[PDB]
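Notes follow the structure.
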Amino acid sequence: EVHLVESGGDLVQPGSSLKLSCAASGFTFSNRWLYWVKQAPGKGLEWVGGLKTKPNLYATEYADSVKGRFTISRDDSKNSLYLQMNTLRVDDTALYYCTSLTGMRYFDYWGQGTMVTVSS
Amino acid sequence: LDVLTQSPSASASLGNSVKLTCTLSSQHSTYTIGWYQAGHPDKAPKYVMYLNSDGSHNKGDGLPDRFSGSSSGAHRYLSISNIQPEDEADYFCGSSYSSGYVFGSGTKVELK
Amino acid sequence: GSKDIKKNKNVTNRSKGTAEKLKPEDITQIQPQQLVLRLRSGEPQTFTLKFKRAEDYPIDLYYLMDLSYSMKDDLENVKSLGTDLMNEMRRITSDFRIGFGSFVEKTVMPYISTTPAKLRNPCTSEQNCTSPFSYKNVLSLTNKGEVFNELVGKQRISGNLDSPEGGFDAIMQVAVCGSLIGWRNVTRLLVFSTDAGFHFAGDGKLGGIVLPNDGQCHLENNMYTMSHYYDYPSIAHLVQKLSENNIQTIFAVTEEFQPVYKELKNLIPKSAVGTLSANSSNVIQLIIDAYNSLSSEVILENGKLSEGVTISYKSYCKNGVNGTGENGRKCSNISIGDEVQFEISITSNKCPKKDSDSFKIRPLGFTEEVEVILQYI
Amino acid sequence: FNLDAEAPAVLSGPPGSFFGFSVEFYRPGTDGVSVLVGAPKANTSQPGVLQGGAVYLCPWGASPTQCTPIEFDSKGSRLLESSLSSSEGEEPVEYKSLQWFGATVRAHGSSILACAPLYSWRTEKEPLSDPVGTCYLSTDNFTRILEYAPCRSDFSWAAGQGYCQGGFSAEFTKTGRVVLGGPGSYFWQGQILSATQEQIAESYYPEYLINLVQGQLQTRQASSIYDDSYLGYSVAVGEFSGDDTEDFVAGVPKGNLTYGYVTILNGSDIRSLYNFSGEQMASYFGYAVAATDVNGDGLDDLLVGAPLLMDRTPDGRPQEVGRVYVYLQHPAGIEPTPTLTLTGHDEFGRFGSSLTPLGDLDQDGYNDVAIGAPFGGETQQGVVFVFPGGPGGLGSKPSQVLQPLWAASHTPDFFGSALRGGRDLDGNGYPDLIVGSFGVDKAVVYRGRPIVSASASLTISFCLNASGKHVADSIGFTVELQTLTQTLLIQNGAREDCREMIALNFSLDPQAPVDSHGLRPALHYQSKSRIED
Ligand SMILES: *[C@@H]1O[C@H](CO)[C@@H](O[C@@H]2O[C@H](CO)[C@@H](O[C@@H]3O[C@H](CO[C@H]4O[C@H](CO[C@H]5O[C@H](CO)[C@@H](O)[C@H](O)[C@@H]5O)[C@@H](O)[C@H](O[C@H]5O[C@H](CO)[C@@H](O)[C@H](O)[C@@H]5O)[C@@H]4O)[C@@H](O)[C@H](O[C@H]4O[C@H](CO)[C@@H](O)[C@H](O)[C@@H]4O)[C@@H]3O)[C@H](O)[C@H]2NC(C)=O)[C@H](O)[C@H]1NC(C)=O
Ligand SMILES: *[C@@H]1O[C@H](CO)[C@@H](O[C@@H]2O[C@H](CO)[C@@H](O[C@@H]3O[C@H](CO)[C@@H](O)[C@H](O[C@H]4O[C@H](CO)[C@@H](O)[C@H](O)[C@@H]4O)[C@@H]3O)[C@H](O)[C@H]2NC(C)=O)[C@H](O)[C@H]1NC(C)=O
Ligand SMILES: *[C@@H]1O[C@H](CO)[C@@H](O[C@@H]2O[C@H](CO)[C@@H](O[C@@H]3O[C@H](CO)[C@@H](O)[C@H](O)[C@@H]3O)[C@H](O)[C@H]2NC(C)=O)[C@H](O)[C@H]1NC(C)=O
Ligand SMILES: *[C@@H]1O[C@H](CO)[C@@H](O[C@@H]2O[C@H](CO)[C@@H](O[C@@H]3O[C@H](CO)[C@@H](O)[C@H](O)[C@@H]3O)[C@H](O)[C@H]2NC(C)=O)[C@H](O)[C@H]1NC(C)=O
Ligand SMILES: *[C@@H]1O[C@H](CO)[C@@H](O[C@@H]2O[C@H](CO)[C@@H](O[C@@H]3O[C@H](CO)[C@@H](O)[C@H](O)[C@@H]3O)[C@H](O)[C@H]2NC(C)=O)[C@H](O)[C@H]1NC(C)=O
Ligand SMILES: *[C@@H]1O[C@H](CO)[C@@H](O[C@@H]2O[C@H](CO)[C@@H](O[C@@H]3O[C@H](CO)[C@@H](O)[C@H](O)[C@@H]3O)[C@H](O)[C@H]2NC(C)=O)[C@H](O)[C@H]1NC(C)=O
Ligand SMILES: *[C@@H]1O[C@H](CO)[C@@H](O[C@@H]2O[C@H](CO)[C@@H](O)[C@H](O)[C@H]2NC(C)=O)[C@H](O)[C@H]1NC(C)=O
Ligand SMILES: *[C@@H]1O[C@H](CO)[C@@H](O[C@@H]2O[C@H](CO)[C@@H](O)[C@H](O)[C@H]2NC(C)=O)[C@H](O)[C@H]1NC(C)=O
Ligand SMILES: *[C@@H]1O[C@H](CO)[C@@H](O[C@@H]2O[C@H](CO)[C@@H](O)[C@H](O)[C@H]2NC(C)=O)[C@H](O)[C@H]1NC(C)=O
Ligand SMILES: *[C@@H]1O[C@H](CO)[C@@H](O[C@@H]2O[C@H](CO)[C@@H](O)[C@H](O)[C@H]2NC(C)=O)[C@H](O)[C@H]1NC(C)=O
Ligand SMILES: *[C@@H]1O[C@H](CO)[C@@H](O)[C@H](O)[C@H]1NC(C)=O
Ligand SMILES: [Ca+2]
Ligand SMILES: [Ca+2]
Ligand SMILES: [Ca+2]
Ligand SMILES: [Ca+2]
Ligand SMILES: [Ca+2]
Ligand SMILES: [Ca+2]
Ligand SMILES: [Ca+2]
């Protein structure tokens, strides 16, 4: 129960663009803020960005490593979250995890992230 | 912005205790943090606990009660009481702030 | 100035035997019952009264008990006071009567857990507590000691949320309910038995209760109704109502709470404190030691003086010990059949619009008085 | 003296609502200026909520002084997600019925904080009835309204924060930081609990009832020997540390073996700086607290109320006659013992249930103070006493006594149970005062009159010279020589005015014209109204 499932991980050249998708199930997706967290292939976690719900005007947040390059979007009718990635660097190689904040600002649920392999 | 400082490694004999530390920025010494356990082979992180400035904590739904937390000014601690083989992991500190989230560099816990 | 002693009926002789035991109205302990004083400008006028502790003045005892769960083993030991205390008091007086009532707390949202489960049983599910109540008058004062054992032996313990308990609006009802409690014109003893601190006025504000206690009887079917409507009394309102209704309080309280009740004793006049055993197993000797402390001291009250009038006291006691000022109201070590003297000085600073007024000087804990009538020259 | 007591403006709310339980000034300034009044027991247009409480906006300058309720909240009680998902049927998570909303009202600039200290909830895990607090914070003139419920947490029963009653007391600091008291945390130890309006706004996550205000200050839990203390029964703010950031005064009326104490907590941290302790056991020391500079030394002086205090009469009878304790701040610190004490004269009157600064009411150079006695006066309706500022601290005897103009009734009025002063409603340049009187469902507004300073002399001729702060250009005087009697207009900017032809005696003319605001001037103290040769 309470699953998150990432899709769209692939091997791509630098300077390209890629679309990552996440599907939620077993909880009311329109009542949680959802978030992206990367982990490069031998390194600690890094927060990528996130996206609030309708009462918070669907406001969206991004790390300075990611601002202007990536964009996050939501479809509460599809229980689904998206990351659009543009002008990819070799630094963008990671597992990308999809996750949810609680009111006490901890990540309660995590998916099992898609590998992105930005390489020539 | 918020900086979270962790030591790269900690260790104890099977059945002894371990204490991890995460230190907040001095501007942010009263902030509440989450603890994650995440070292299990290529698996996603797991929420362990959240921990307040005053030392108050709340554990995740499945956590073995060996885990407990405490605070001292800017420092935050995770204590594991009697290390099992299943406690061998990376542990990540993490803090929400006005415009995002930040994670500590992680601590590996090792049996010896 | 001049004075005239009008009544002057003598204090009792030491009683000769059982052949004609006196009524509590026939026993006399204070010497001049009425006198008239002619006051003249700034001239001080002095008179003297004698006091003599009577041999066998009757007792009424009301036992007021905290029935929160920690008093469960206390209640199991308290079942037998209605014969054991009747026996140990039979050397103390010919006439003794006993009564019982019980308290917990105000039945409103901060002081009680208000879920449907905790309204039915205030305790953990293995503890069979009855639902909470503010006060019960279980047994109005009686000489039938086995009726105390019967009714007290069939009470059931209750429970509560916050540590200090709602005992002060149970003390107020015991003082002001008079003929419902059954009090005579005798020595009125109230035993207040508990293992916690007291709620007092201003604690009602957390429950949205803002009307002060009016200090009037609100019993229906022996239950205190309206505990949800009036705040707890202040100590200053209990000081008034206990003193006005002749009630002498024994705080029979556990070893932990001695330092609060030892100061409540300093505020509430003619009251005493004992160290209660965890299971109230020492109750009979606690009450008797406290009664000997309450009974062997006199304090002189007076009614309100009119404008520009002044009063002062000197006291002469056993073994040559004396006192003056506000300590001149007191006297101590008064043994059974023993005698005491006071000298009292009235003074004026004015000539009031009326030629006279009068006021009573009286021992706290008794209905006996001297009336002083003032004539202004 | 200076407050217009013969015809104050009276506001009235619904019968049996407790209108006037808490009062305040809103937008004090040249425009938009209004009175806010709380009504804890009022009915409300919320689905299924009984006596939820209300707050009323009462705009100033409208001659009938009408009042309209503000919808901070407009929803019913929320429902348990499991229950609305279940064949067993729906149940509430919340108990908004009888919550006492509007029992505390505060404002700072365009922001308003209104609190419901008898709110309670079922914790979403297990059946509980926990009286946590709630407040609603309005920002930018009702542009946004935010629920702030800082004790509503995963620490949910009487042993944690479950009985906290946050917003039982509240303040705003000079920068606009929200400060709350909750007397019930950790088995009634109590708590102080503070956040900025920017943190309260950044925290907003309305789908979560347990939520984090990241960076919030709060006082820790202590050992069980501190239980039943009631910290935060009352709060006030002033600068006491010697830094730029105001420090929280808080009342602990049951602390210290029931003697009671008051604590000053520092701003920036929340650590304790000074402690003062009550004179007598179960005198309610810390029922009220206030901080203002009453001697004009530049430093905030502390005031504390103990409404239940006893003394005994010169006769020897005891009486309940409350006491107010004053502690001047020196540049070296605050003394641990009172520099002055004021005591009431009516038995059960409860002098010191209410304290407010008045600002400088009479523009004398020194801040005055109003003190309430909710059961004082010859028929126990209640009283308010104005005590003057001066170089030694407050005067020991009041410069004015305010009392109800309406007759007594079947239940108490509680007049003077709530006070707010030291802002200016009509804009005449003198402070004004609001008095609450919730037992009759009323609030009363008293206005500072303009003050004239005057002088005259005999010169056998006689001369007159008068002037005053914010007074009109021509001042109406009337004069008697002892006979000859005259009425004169003396210009406020003049050096002197004089007449050719014993004693000379003068007054402001009683029938002179009423000023632009609707008031008449008061003649100042001293000022020698009679001269004799
Ligand atoms: C104005 O008046 C008030 C009183 O009215 C006065 O305040 C009291 O002041 C005293 C003295 O400062 C306080 O008592 C001290 O409290 C200290 C804190 O106690 C709590 O925290 C302790 C430390 O653990 C927490 O904090 C550390 C931070 O470093 C953190 O790592 C931990 O994870 C944790 O978060 C803790 O040990 C302590 O434990 C007690 O309470 C818990 C319940 O919370 C209980 O389970 C324990 O059994 C125990 O009773 C508590 O949790 C404390 O550190 C300090 O310790 C001293 O005394 C002990 C002996 O008693 C010594 O062994 C030790 O070496 C220290 O000397 C001490 O107990 C008291 O709490 C205040 N009361 C309040 C706030 O209500 C103000 O100071 C006055 N202001 C003035 C005078 O200006
Ligand atoms: C800050 O917020 C407060 C609260 O909303 C606000 O006070 C209110 O302002 C409105 C708008 O001026 C007032 O509404 C008026 O109500 C009276 C009757 O009580 C009407 O007669 C007024 O009619 C005028 O405005 C109408 C607008 O539809 C016109 O159609 C009409 O022809 C008139 O021009 C008007 O509706 C309301 O009474 C006050 N409430 C109180 C109690 O003050 C305040 O104005 C805001 N301040 C800002 C925005 O800075
Ligand atoms: C109420 O409290 C009192 C005092 O705490 C209890 O008194 C105690 O009674 C017990 C009996 O259960 C006594 O124990 C016995 O002592 C003898 C002699 O030492 C020993 O041979 C027995 O094996 C037994 O242990 C005990 O001495 C006595 N005193 C205390 C303080 O323990 C009393 O039992 C409690 N209950 C009631 C209903 O009174
Ligand atoms: C305290 O007050 C009492 C009462 O006023 C004082 O008693 C007085 O004691 C003196 C000395 O004994 C008495 O004078 C003599 O008394 C004996 C009998 O005690 C008598 O035989 C002598 O002829 C002579 O009267 C005095 O009368 C007595 N007064 C009274 C009214 O009892 C006592 O001295 C005072 N002590 C203190 C504390 O100063
Ligand atoms: C909020 O609304 C409630 C409910 O309408 C009001 O309570 C109601 O108060 C009235 C008038 O006193 C009650 O009616 C009276 O009943 C008594 C007998 O109980 C009778 O003697 C009178 O003839 C009379 O009609 C009524 O029962 C009561 N209803 C409820 C549901 O409590 C309340 O006054 C309102 N409060 C505010 C602040 O407006
Ligand atoms: C009320 O709380 C404030 C904030 O904690 C107190 O001011 C604080 O005072 C300490 C000690 O002076 C300051 O520590 C500083 O450390 C830096 C180096 O990191 C040093 O250069 C400074 O000279 C000082 O030692 C702390 O920064 C300062 N915090 C603030 C916000 O100013 C204040 O002392 C407390 N109230 C009082 C006066 O007791
Ligand atoms: C708690 O005590 C009460 C009172 O004894 C119990 O209720 C009584 O139960 C007995 C035996 O079933 C009946 O004969 C009485 O008529 C009942 N009286 C009442 C109070 O209704 C109750 O059953 C007990 N509960 C527990 C937890 O044992
Ligand atoms: C106890 O004493 C009081 C006071 O003397 C008695 O109350 C008075 O009783 C008489 C006769 O009924 C009345 O005329 C007075 O008006 C009463 N005064 C008071 C104080 O109310 C009371 O009757 C006596 N009771 C007993 C048991 O003797
Ligand atoms: C709590 O209150 C008691 C009583 O006022 C305080 O004890 C007093 O201490 C002061 C200063 O030493 C003395 O002047 C008083 O005479 C003492 N009174 C009593 C009754 O002993 C006690 O210090 C207070 N504790 C706190 C909170 O400071
Ligand atoms: C100047 O003095 C006279 C004498 O006091 C005042 O006239 C009386 O004032 C008193 C008090 O206001 C009134 O009760 C009398 O009715 C007045 N009439 C007299 C003469 O007895 C007069 O008001 C004073 N006026 C000025 C200008 O100061
Ligand atoms: C009473 O008098 C006796 C001597 O007869 C003395 O031992 C005892 O202490 C006195 N009691 C007091 C002080 O009341
Ligand atoms: Ca108890
Ligand atoms: Ca017991
Ligand atoms: Ca209780
Ligand atoms: Ca400061
Ligand atoms: Ca000052
Ligand atoms: Ca002034
Ligand atoms: Ca004004």
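Just so you know, ligand 1 is whichever comes first in the structure, and atom 1 is the first atom listed for that ligand. Residue numbering restarts at 1 for every chain, and letters A, B, ... go by the order of the sequence lines.
Distance check on atom 12 (O) of ligand 7: every protein heavy atom falls at or beyond the 4.0 Å cut-off. For atom 27 (C) of ligand 7, a protein non-hydrogen atom is found at a distance below 4.0 Å. Contact annotation for atom 1 (C) of ligand 7: protein present (non-hydrogen atoms, distance under 4.0 Å). For atom 19 (C) of ligand 9, no protein heavy-atom neighbour is present inside the 4.0 Å cut-off. Protein non-hydrogen atoms do not reach within 4.0 Å of atom 8 (C) of ligand 9. For atom 15 (C) of ligand 7, no protein heavy-atom neighbour is found at a distance under 4.0 Å.
Taking the centre of each ring, C:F103 and C:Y224 stay at or above the 6.0 Å mark. Between D:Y233 and D:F168, a ring centre-to-centre spacing shorter than 6.0 Å is recorded. Aromatic rings of C:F251 and C:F257 (six-membered ring for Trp) have centroids beyond the 6.0 Å cut-off, not under it. Aromatic pair D:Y327/D:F276: ring centres closer than 6.0 Å. Ring pair D:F1/D:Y525: centre-to-centre distance below 6.0 Å.
Taking the Ca ion (ligand 18) as reference, D:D424 places its N/O/S atom OD1 nearest. The nearest N/O/S atom of D:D426 to the Ca ion (ligand 18) is OD1.
The pair C:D203-D:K254 counts as a salt bridge, with a side-chain nitrogen and a carboxylate oxygen less than 4.0 angstrom apart.
Nearest-residue assignment for atom 25 (N) of ligand 9 (options D:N275, D:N256, D:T337; heavy-atom criterion): D:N256.
Ligand-side atoms of ligand 9 in range of D:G278: 5 (O), range being under 4.0 angstrom from any heavy atom. Atoms of ligand 7 found under 4.0 Å from any heavy atom of C:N128 (numbered from 1 in listed order, with element): 1 (C), 2 (O), 3 (C), 22 (C), 24 (C), 25 (N), 26 (C), 27 (C), 28 (O).
Looking only at protein heavy atoms, the nearest one to atom 4 (C) of ligand 7 is C:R156 NE, 3.7 Å.
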**Chi angles and distances behind the side chain to side chain contact (heavy atoms under 4.5 Å, CB included) call for D:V249, D:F240** = CA-CA 9 Å; D:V249 192; D:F240 291 109; 3.5 Å; yes
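Taking the six-membered ring where the residue is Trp, C:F200 and C:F198 present tilted rings, their angle falling between 30° and 60°.
Between the side chains of D:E320 and C:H237, not a single donor N or O lies within less than 3.5 Å of an accepting N or O.
Polar contact check, D:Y259 against ligand 9: no nitrogen or oxygen pair lies under 3.5 Å apart.
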